[PDB]
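Okay, so here's the structure we're looking at.
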Ligand SMILES: Nc1ncnc2c1ncn2[C@@H]1O[C@H](COP(=O)(O)OP(=O)(O)O)[C@@H](OP(=O)(O)O)[C@H]1O
């Protein structure tokens, strides 16, 4: 069964490209990472940094999670990310997304031993 750490990598890690490669990046990625299987996941963020760099965020700035839990951490440095947001014309199973590249600080929730990212909370 897929662990939460493995799910995070599948849903949010894309180290192959250092930025949103094209206007069609999200359309391709949301589908290939199985994020449009059950429904069109409305929003999702991909991180273009090494896995090591992202895991290290778990020992960075401790901040409150959107859900009230306190196991969230904010990256000290900005990181290259791509936000994928479902366009109004998108209709399951024909999910469609707008691809947006940015350099922001990421906030992830971490759990376990080793302490690793399991959820993407926000970017600021
Ligand atoms: N503080 C937190 N806020 C939100 N979710 C958290 C938090 N800490 C851990 N999680 C877990 O982070 C996981 C997030 O998985 P999702 O598939 O919902 O992806 P996403 O939130 O990264 O988009 C959930 O665990 P699961 O593997 O059992 O589904 C969720 O329970």
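Sequence positions for chain A are given in Swiss-Prot numbering; the residues included correspond to 27-150, in order.
The deposited model was determined using X-ray crystallography, 1.7 Å.
Here the Cβ of each residue, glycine as well, is placed from N, Cα and C on the backbone.
Listed features, source Swiss-Prot:
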type     : residues                            : note
ACT_SITE : 38                                  : active site, proton acceptor
ACT_SITE : 145                                 : active site, proton donor
BINDING  : 33, 36, 67, 68, 69, 70, 71, 92, 111 : substrate binding site
CARBOHYD : 27                                  : glycation site
CARBOHYD : 33                                  : glycation site
CARBOHYD : 60                                  : N-linked glycosylation site
CARBOHYD : 63                                  : glycation site
CARBOHYD : 67                                  : glycation site
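Overlay of Swiss-Prot feature records on the structure.
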{"residue": "27", "record": "glycation site", "DSSP class": "coil"}
{"residue": "33", "record": "substrate binding site", "DSSP class": "helix"}
{"residue": "38", "record": "active site, proton acceptor", "DSSP class": "helix"}
{"residue": "60", "record": "N-linked glycosylation site", "DSSP class": "coil"}
{"residue": "67", "record": "substrate binding site", "DSSP class": "coil"}
{"residue": "111", "record": "substrate binding site", "DSSP class": "strand"}
{"residue": "145", "record": "active site, proton donor", "DSSP class": "strand"}
(message) Please identify which of 63, 67, 145 has the densest Cβ environment, defined as other Cβ atoms within 10 Å, among these recorded positions.
(response) 145
(request) Calculate the distance in Å between the alpha carbons (Cα) of residue 27 (glycation site) and residue 33 (substrate binding site), and round it to a whole number. (result) 10
(request) Take the C-alpha atoms of residue 63 (glycation site) and residue 69 (substrate binding site) and report the distance between them in angstrom, rounded. (result) 14
(message) If you count other CB atoms within 10 A of each CB, which of 27, 33, 38 wins among these recorded positions?
(response) 38
(request) State the Cα to Cα distance, in Å, between residue 111 (substrate binding site) and residue 38 (active site, proton acceptor), rounded to an integer. (result) 14
(request) Using CB under 6 Å from any atom of ligand 1, narrow the recorded positions 27, 60, 145 to the ones that qualify. (result) 145
(request) Find, among the recorded positions listed as 60, 71, the one whose Cβ has the highest number of other Cβ atoms within 10 Å in the structure shown. (result) 71
(request) Specify the nearest of the recorded positions 38, 60, 145 to residue 67 (substrate binding site), where nearness means the distance between Cα atoms. (result) 60
(request) Quick one: pull the CA-CA distance for residue 33 (substrate binding site) versus residue 145 (active site, proton donor), whole Å only. (result) 9
